[PDB]
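Each answer follows from the model by the rule given with it, or from the source it names; no laboratory read-out is quoted. As a convention, Cβ positions derive from the backbone with ideal geometry for all residues, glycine included, and neighbour counts pool all protein chains shown.
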Amino acid sequence: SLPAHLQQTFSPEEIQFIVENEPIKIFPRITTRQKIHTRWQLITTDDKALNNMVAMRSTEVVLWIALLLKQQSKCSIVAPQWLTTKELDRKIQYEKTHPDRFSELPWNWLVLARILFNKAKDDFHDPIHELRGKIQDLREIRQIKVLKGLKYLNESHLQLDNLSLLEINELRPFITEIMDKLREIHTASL
Amino acid sequence: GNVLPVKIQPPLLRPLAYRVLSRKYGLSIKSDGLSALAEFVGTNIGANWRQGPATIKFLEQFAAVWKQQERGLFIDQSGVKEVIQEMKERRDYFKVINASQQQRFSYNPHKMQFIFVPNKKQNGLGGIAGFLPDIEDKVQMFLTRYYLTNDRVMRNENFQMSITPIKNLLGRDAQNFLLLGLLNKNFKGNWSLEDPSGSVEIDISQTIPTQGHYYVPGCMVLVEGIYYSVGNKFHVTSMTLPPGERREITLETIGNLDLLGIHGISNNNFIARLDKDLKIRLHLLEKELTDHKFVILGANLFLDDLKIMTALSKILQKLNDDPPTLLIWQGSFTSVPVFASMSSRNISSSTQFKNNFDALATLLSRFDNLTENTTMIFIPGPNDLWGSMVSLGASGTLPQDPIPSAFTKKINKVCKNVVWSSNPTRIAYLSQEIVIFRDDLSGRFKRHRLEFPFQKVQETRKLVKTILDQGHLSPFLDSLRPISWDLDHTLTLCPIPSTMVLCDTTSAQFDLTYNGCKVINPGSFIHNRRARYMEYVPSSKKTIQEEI
Amino acid sequence: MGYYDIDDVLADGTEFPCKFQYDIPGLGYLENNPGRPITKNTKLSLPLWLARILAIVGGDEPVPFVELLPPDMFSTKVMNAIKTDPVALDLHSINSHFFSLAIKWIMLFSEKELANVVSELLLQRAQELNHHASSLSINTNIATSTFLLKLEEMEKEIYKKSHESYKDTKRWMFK
Amino acid sequence: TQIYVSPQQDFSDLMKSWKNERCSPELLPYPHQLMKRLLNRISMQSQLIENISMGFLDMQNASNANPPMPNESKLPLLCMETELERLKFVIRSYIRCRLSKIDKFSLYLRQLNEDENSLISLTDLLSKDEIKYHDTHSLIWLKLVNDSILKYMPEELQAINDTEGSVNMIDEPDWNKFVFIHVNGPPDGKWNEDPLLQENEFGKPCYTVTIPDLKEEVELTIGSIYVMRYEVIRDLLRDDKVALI
Amino acid sequence: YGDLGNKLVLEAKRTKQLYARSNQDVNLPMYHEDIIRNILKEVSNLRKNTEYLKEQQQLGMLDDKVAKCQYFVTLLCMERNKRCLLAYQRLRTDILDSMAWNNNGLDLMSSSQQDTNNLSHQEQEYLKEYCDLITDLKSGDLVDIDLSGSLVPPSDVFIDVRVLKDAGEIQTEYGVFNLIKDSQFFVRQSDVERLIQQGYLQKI
């Protein structure tokens, strides 16, 4: 949709939606194993796990169902391997020791972090402030590396092997317009 | 309900109504709408709750009728009225209006557009005194008239040379110019032209005017001359009234605005227009128009003398066999103005005025077909009750009050359709605009003609040209004819009418047409031992008859 | 090159100096006494939207009616000024359609020596644009405003778009 | 498509198509079969939820009886309705974006359609309602502009599709616009059977694309995000080799 | 000579900035048809002049080079005038369609601008036609999905809603909401977005 050129990029709400559209692991509190009751019978998710769950056993559900159950008392989200101090430490060490390559980190970087911090405040094993500070440090370091790398902007192409979602989204318009103008100048010269 | 209605449980019908009225079209269903739909599914019990298409199509027809009225976000107790409309959807369409209920529309010179003005009665209290206009109304009345005339002049094809405002004439001399404005006499007693910018003087000693016009004080005039700063005299060499325009060209400038709104109206919130049904109603009017005839009589039918009553009885004898669609009586209904009686020995003049109409009710008793099939219209004369009370038979306020109810308590009960209106009255037909105006014209324009130092059918041509080019019913200043401050818009000829019923007792009968409009000039009801009255065919044809 | 673009339409309206390479009787009516013709080698300041065409029609030695002189905006003076230090240059003062006019001029006349310098100019300005866009409030200095008032009109839209993107990301992040 | 492995595969294809269309500078074709399945899916699911809700309501209102057990009753239908709302939002956004795109390039696609040599036909890229939208909107706009201005224009230049003189008035899409891509690789799980991919040091399967203006060759490897002009990448995109972001 | 046209075009730019700064379709300003008809009369003058010059060129006493240069100059003038006018009109149409697309195609005169008098009659009939198309589009194959709905992705199911304007009571599916003045609701998100767009509810 146009609505003042919203037809060219993604709004942060759409990014949050497209991230919460992802599977995650859960630790249920209740049981709904069939009598051996209502069928889940959704259209965009394997209902087999939903129908076949039993308490205190790990299983995989999409993110927003887990969030809805966490709004109730039928859920216990299991954090990924990132969200612990001893992994973020080696990660920040990797960024420090390699001043040219962005560290390996998925597209959903910092978004799952924001959502889990906002909702699942209590299920963590680590204090929240430590993790938030380390994530802030990672954000600052990657921001510095982005500014350092942006200095050279060829008119042909570029490679950004390990940028996450929001980092690409925020930078898309400026970069795109600058290279468009450069390409227009070069093509007009010929 | 149906022949076998079954009272519903509102919760189970709630989804069917809510889905249609809140997801496809419509919004915010109220409880009244749901109860109405309960009753009218009682009227559609046939296999319902298992039969979709019938109730769904009735609902979509409901929406197609409802969504054309305002915005209709809520369904109030009108819903039963629109359901009656639904039942009824499975000569009329003509209106007569008076100068009292005409809608007010201002004109803005900076936006070049008509602006709706709220009526004082609709929004105000109006229980004590709501008819009194405000002080600035008389200040702005002449401004409005001048603005309308300026726009009309500047829309002309020939004018794209340009006129110059008066105040811009101070610094130049021995140069020809062009200007227009009010014509009047200054305090000193000289001839002057007034403009919102200012005023100048007029030199007339060598003026050659355009013949065919009644050059009268209070009339917009176009003046071409040479300024002279030695004195302050604008030496005039030519002078002509501004030209006029037909109805369609003036209309299209505002498309087709809802001035005389019968199909739809505009107000403060919104502005409305319509041209789709104009051609349909024109086609409708093109047929059976000869069956819908309306006949008018002469002026000043005094209901006191025996001869007039006898002639009227003969007219009704001829007329009762074939009752027309509209019947109009114009002129005064009493040969003497009613006023204060200083003697109690004799019959009070007010009581006599009441008595005169009572006999008319008796005469209606022997013409039942006319009383049953034809509506009746009465238009006040110069010396009727309210005016003659202060005017004593002379000219007075033009937006004249209707005949008082207290003196017409029997005519309303005998006849079934009688309407009293002001002296200027406007009727709205299917595709025609008709206006009726009764006063004295030829004598007024003859006595106040301007003098220039240097076969009766030409006089009416001059009168018609003047009254149609000026575009105002009363091209006279406040000295001659005092006008109520706010109602002046009623006398305006903005989009000129289709036909004008111009009755003047001092002019011979005429049936002229000019500039897209036609004018009829009925005379006095009687003359030289004879009586006459006229009828107009809606196919632009006229007939005259005499029955003595 | 867009027909329905406002900035291009405005930029077509600038005047460029030019000389009548050919002499035509009866001309100059729209500027001076119509009865007097225009003599040869007469300098004029004609708008771009007609000077572009009148220099290519030829009409007829099929030489065009007009010969277009080098405009003052593209001068050795300005070339030295832009080369020595572009970041602090108030290019807004020189002209308010500089980049589109540069594109059109280089399109009309292929000149490899302008493409590289203009590209480097805007590339260098882009880094400071990004620097200022990233900065956000949470007491204000003159440097930011005095930079922002020197920009070309076509850089303003990039600045606003980047600023809105950063503001939206920050707002979403902090709730 | 020809057949569905599962409705979730359909949803993934729909989301990828929406993402591709949102950032594309050129109007892409119309995936009829996907929404053909999806609309029927939505209608059937809505019918089921309405039926079960009405059953609960009328068993509750016929008599007091026993209220539905709060467990396994509210949350399942809550999930169904919220998922349906989410899917409706996605489809609405896709359709509105396509409507805006066909708003922009109306005259260009109209002038392309009448071309006989043009192998691409307007029928495939657009749905029938989109065709009626295009034609009615074009006629309405042409009527408005003809009444307002062109009535006064001379015979020479009244047409609003002229392509002669100084400036042409047809807005072709910008094929050279720089876009963000992600090299997804071949859709097959083998991801090694394409006759296009090559290899470099340390393996790293890659595709070699060439730019004519720069006379260069650019290497694209799996798992790397690039910034490349749209013109050289249409075939890989339409073959689902690379996914835009 | 077409410099006057720039005065129009420049003005249009300001209006776009009005759109840009607000980021919401609202209060479209009054038209400028006066300058437009000024340009129309001057271009009629140009056309009649060109016709006359072609007449004398065919008459034989007019120089060929003079005739051709006059013809090109006049043609370029007409071209620029047309370009300016259509540049104004296209932006006006775009903003009008943007305004009409989001208000469900009903024009909402009861509750943007109030009078809509700042639009030409042709523009108003175009707006009516576009509303007709907007109503028509969702009546076909897509009847189940409201194209004029929201565009924010659905993120939560239960939200707090605080009343903004007073009304009576309004029915919903399986229930009824009474719009008492200045109260708070704890209701489902997918029920009150229509009211929120209408401006009757606040505090999302």
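Brief remarks follow.
- Whichever residue in segment C:141-175 is of a type in the set (S, T, Y) and within 14 Å of chain A (Cβ to nearest Cβ) and, among such residues, is farthest from C:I82 (Cα to Cα): C:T169
- Only a single criterion out of (1) more than 7 Å from every other protein chain (Cβ to nearest Cβ); (2) under 30 Å from B:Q9 (Cα atoms) is not satisfied by E:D94, namely (2).
- Within the set B:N521, B:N515, the sole residue that is in contact with a helix residue (DSSP H, G or I) (Cβ under 8 Å, 6 or more places away or on another chain), over 21 Å from B:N184 (Cα atoms) and surrounded by fewer than 21 Cβ atoms within 10 Å (Cβ to Cβ) turns out to be B:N515.
- Of the numbered criteria (1) in a helix (DSSP H, G or I); (2) more than 7 Å from every other protein chain (Cβ to nearest Cβ); (3) among the aliphatic types (A, V, I, L, M), the one E:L76 fails is (2).
- Among the candidates E:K54, E:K16, E:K82, E:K65, residue that is of a type outside the set (A, V, I, L, M, F, W, C) and in contact with a strand residue (DSSP E or B) (Cβ under 9 Å, 6 or more places away or on another chain): E:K65
- Whichever residue in segment B:30-81 is over 24 Å from B:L12 (Cβ atoms) and charged (D, E, K, R) and, among such residues, is nearest to the other protein chains (Cβ to nearest Cβ): B:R71
- Of the listed requirements (1) facing chain C (nearest Cβ under 10 Å); (2) among the basic types (K, R); (3) buried (at least 17 other Cβ atoms within 10 Å of the Cβ), A:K151 misses just one: (3).
- Complete set of residues in segment E:143-158 that are touching a strand residue (DSSP E or B) at 6+ places or on another chain (Cβ under 8 Å) and surrounded by 15 or more Cβ atoms within 10 Å (Cβ to Cβ): E:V157
- Qualifying residue in segment D:51-70 (condition: part of a helix (DSSP H, G or I) and at the interface with chain A (Cβ under 8 Å from one of its Cβ atoms)): no
- When residues of segment B:11-35 are limited to those that are in contact with a strand residue (DSSP E or B) (Cβ under 7 Å, 6 or more places away or on another chain) and assigned to a helix (DSSP H, G or I), the one nearest to E:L142 (Cα to Cα): B:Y18
- Some residue of segment C:17-27 being within 11 Å of chain E (Cβ to nearest Cβ) and under 30 Å from E:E11 (Cβ atoms): no
- When residues of segment B:279-330 are limited to those that are touching a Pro at 6+ places or on another chain (Cβ under 9 Å) and in a loop (DSSP other than H, G, I, E, B), the one nearest to B:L364 (Cα to Cα): B:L297
- When B:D469 is tested against (1) closer than 30 Å to B:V236 by Cα; (2) not in a helix (DSSP H, G or I); (3) not basic (K, R), exactly one condition is not met: (2).
- Number of the exception - B:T144 against (1) part of a loop (DSSP other than H, G, I, E, B); (2) assigned by CATH to the domain that holds B:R281: (1)
- Unmet requirement for E:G140, which otherwise passes all of (1) in a loop (DSSP other than H, G, I, E, B); (2) within 7 Å of another protein chain (Cβ to nearest Cβ); (3) surrounded by 13 or more Cβ atoms within 10 Å (Cβ to Cβ): (3)
- The set of residues from segment B:36-75 being within 20 Å of B:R23 (Cβ to Cβ) and part of a loop (DSSP other than H, G, I, E, B) comprises B:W49, B:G52, B:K67, B:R71, B:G72, B:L73, B:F74, B:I75.
- The residues of segment A:86-123 that are within 18 Å of the chain's Cα centre (by Cα) and farther than 21 Å from A:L160 by Cα, listed by number, are A:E87, A:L88, A:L112, A:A113, A:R114, A:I115, A:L116, A:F117, A:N118, A:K119, A:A120, A:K121.
- Helices (runs of 4 or more DSSP H) enclosed by segment C:43-122 - at least 3 residues per element that are in contact with a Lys or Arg (Cβ under 9 Å, 6 or more places away or on another chain): C:48-54, C:91-94, C:98-108
- Filtered residues of segment A:136-179 (kept if in contact with a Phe, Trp or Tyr (Cβ under 9 Å, 6 or more places away or on another chain), under 15 Å from C:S165 (Cα atoms) and of a type in the set (A, V, I, L, M)): A:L165, A:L166, A:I168, A:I175
- Lone qualifier among C:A55, C:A11, C:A88 - being within 25 Å of the chain's Cα centre (by Cα) and away from chain D (no Cβ under 14 Å): C:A88
- Of the residues making up segment D:11-41, those that are surrounded by 15 or more Cβ atoms within 10 Å (Cβ to Cβ), under 26 Å from A:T9 (Cβ atoms) and within 11 Å of another protein chain (Cβ to nearest Cβ) are D:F11, D:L14, D:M15, D:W18, D:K19, D:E21, D:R22, D:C23, D:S24, D:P25, D:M35, D:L38.
- Here B:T290, B:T207 are screened, and the one residue that is crowded, with 18+ Cβ neighbours inside 10 Å and hydroxyl-bearing (S, T, Y) is B:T207.
- Residue selected from segment A:64-80 under the condition within 12 Å of chain D (Cβ to nearest Cβ) and not in a loop (DSSP other than H, G, I, E, B), by the criterion surrounded by the most Cβ atoms within 10 Å (Cβ to Cβ): A:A66
- Taken as a whole, the condition of being under 20 Å from E:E33 (Cβ atoms), more than 10 Å from chain B (Cβ to nearest Cβ) and either polar (S, T, N, Q) or out of contact with any helix residue (DSSP H, G or I) (no Cβ under 9 Å at 6 or more places or on another chain) (or both) does not apply to E:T116.
- Only one of A:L42, A:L50 that is more than 14 Å from chain C (Cβ to nearest Cβ) and not in a loop (DSSP other than H, G, I, E, B): A:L50
- Yes/no for E:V176 being out of contact with any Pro (no Cβ under 9 Å at 6 or more places or on another chain), away from chain A (no Cβ under 14 Å) and not in a loop (DSSP other than H, G, I, E, B): yes
- With respect to being surrounded by 14 or more Cβ atoms within 10 Å (Cβ to Cβ), touching a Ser or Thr at 6+ places or on another chain (Cβ under 9 Å), closer than 24 Å to C:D8 by Cβ and facing another protein chain (nearest Cβ under 10 Å), E:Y31 falls outside the description.
- Once segment D:226-236 is narrowed to residues that are buried (at least 18 other Cβ atoms within 10 Å of the Cβ) and of a type outside the set (D, E, K, R), the residue that is farthest from the other protein chains (Cβ to nearest Cβ) is D:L236.
Residues checked against (1) exposed (fewer than 13 other Cβ atoms within 10 Å of the Cβ); (2) closer than 30 Å to E:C84 by Cβ; (3) of a type in the set (D, E, K, R); (4) out of contact with any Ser or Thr (no Cβ under 8 Å at 6 or more places or on another chain):
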| site | (1), (2), (3), (4) |
| --- | --- |
| D:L157 | no, yes, no, yes |
| D:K177 | no, yes, yes, no |
| D:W191 | no, no, no, yes |
| D:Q198 | yes, no, no, no |
